[PDB]
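Considered here are two forms of the same protein chain, supplied as structure tokens in two stand-alone entries, structure 1 and structure 2.
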Structure 1
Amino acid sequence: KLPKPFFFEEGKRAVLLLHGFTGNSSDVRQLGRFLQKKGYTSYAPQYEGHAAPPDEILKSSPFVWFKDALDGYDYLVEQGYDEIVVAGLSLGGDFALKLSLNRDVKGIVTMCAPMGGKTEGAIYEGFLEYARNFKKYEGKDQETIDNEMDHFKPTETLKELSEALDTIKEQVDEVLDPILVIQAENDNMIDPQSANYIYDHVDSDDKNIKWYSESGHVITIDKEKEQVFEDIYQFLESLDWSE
């Protein structure tokens, strides 16, 4: 079956977990379980059209996906959690930055968040591979997959994704809340220098950047995730929680 949002309720300190483009909640579930073991509540929404046939992404929009992130914050508040850190992977990291400008958070974690809307190359081919692997998961023959991929038109989606990323890059200088920037040194999906840009251009008074030398882009499921989780926990423990 396909992943669904998850909601692990423990103490009153809460973390909103935002996944990446073409990702879903399974990319942050292990982080959610780690946070739960450390006593933090977490909620991981899913963007419209994700965890679903890839055509549903083509019918959706980054503008909807950011409202899905905002809806996740508002859900935590409706469920009784007022103090919230937003932690985002890849596109979700950009959304975490932008969400902090739209909602009160105690802190921000960005994890391999791109700065800038270059979609040519790795992100384009990553989207196509995502669509091909889903069609295989649908049990489709190789001929139907090939035929269907010749009619898969990702251009408009990638253009909106590009414009959303560019807009957020120009909002980085408005970010004020405490921040942990996490980045894989050998990221083959985005430019790892994006992390230096975020770290240097946010206006936060409390910031930290951490580099990981043996992980790929999806750092929350790769081989150093235990250290990433520990570093996130140390950040969370440093923040201005009321309890």
Structure 2
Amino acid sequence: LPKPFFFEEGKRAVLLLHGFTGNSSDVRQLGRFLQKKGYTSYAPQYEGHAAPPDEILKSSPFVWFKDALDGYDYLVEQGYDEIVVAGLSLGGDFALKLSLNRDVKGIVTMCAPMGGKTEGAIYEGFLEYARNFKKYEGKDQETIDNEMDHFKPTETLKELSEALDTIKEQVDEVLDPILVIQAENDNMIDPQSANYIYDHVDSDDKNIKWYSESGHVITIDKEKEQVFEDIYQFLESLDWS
């Protein structure tokens, strides 16, 4: 089952943050590519993730963001002072916010939401995970429909909507070098989010890349090798010691 991972290589480090309802395996191939290029990486795993869907509803985005910060702080404790934060999906929103809470050499956002119909993305993301999990449990279609019909929204999903709006409203405070990556065929979040992030950060050093044959979990999809190369080129451009 997926767990946090720590790939120790050279002195340059990347904190890898996964997506909403995702898990560390979604960023592990990126981690391995980075390791082959000499970069250390650490990937936390958010509380309640990689588990039955009700565990997400017992948790909170405030915890998940702290899980992200704990990964940064762990890299520092392990000797890595120079850290780029690279986040997939909701993790990309956490990467932007983390850069306001900790010192980073740069930021990568990959299919991160910002603006638009946030509530739709939250509920569709959760419900898709929940339905797929119940299928994996071997449940029949009626049992799944019945369990899904008993879904009760919790404070978790309202908190997530509020957290996303907070990050949107503070994105003009982001100053560190940034690469914005977006899949054109993302069916979870609106690809125009990438324009919004790019346009509204204060970062003087920024770039954006679009991927025409990819979806939301871009780091496991069919163009992942090009995504990884583009991330690498961005990393190589930064002000490392």
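Definition used throughout: the rigid core is the maximal C-alpha set that superposes within 1.5 Å between two forms. Residue positions are counted from 1 along structure 1's sequence.
Fit the core first: which of 123, 97, 105, 89 then shifts its CA by 2 Å or more between structures 1 and 2? Single hit from the list, 123.
After a rigid core superposition, would you say the CA of residue 75 moves by 2 angstroms or more between structures 1 and 2, or not? The answer is no, as the C-alpha of residue 75 shifts between structures 1 and 2 by less than 2 Å after core alignment.
Once the two forms are fit on the core, has residue 166 moved its CA by at least 2 Å between structures 1 and 2? Not so; residue 166 is displaced by less than 2 Å.
Let me know the CA shift of residue 136 between structures 1 and 2 in Å, rounded to one decimal, core fitted. Residue 136 is displaced by 4.1 Å at its C-alpha.
For residue 157, CA displacement between structures 1 and 2 after the core is overlaid, in Å: Its C-alpha position differs by 2.5 Å.
Rigid core superposed, I'd like the Cα shift of residue 187 between structures 1 and 2 in Å. For residue 187, the C-alpha ends up 1.1 Å from its position in the other form.
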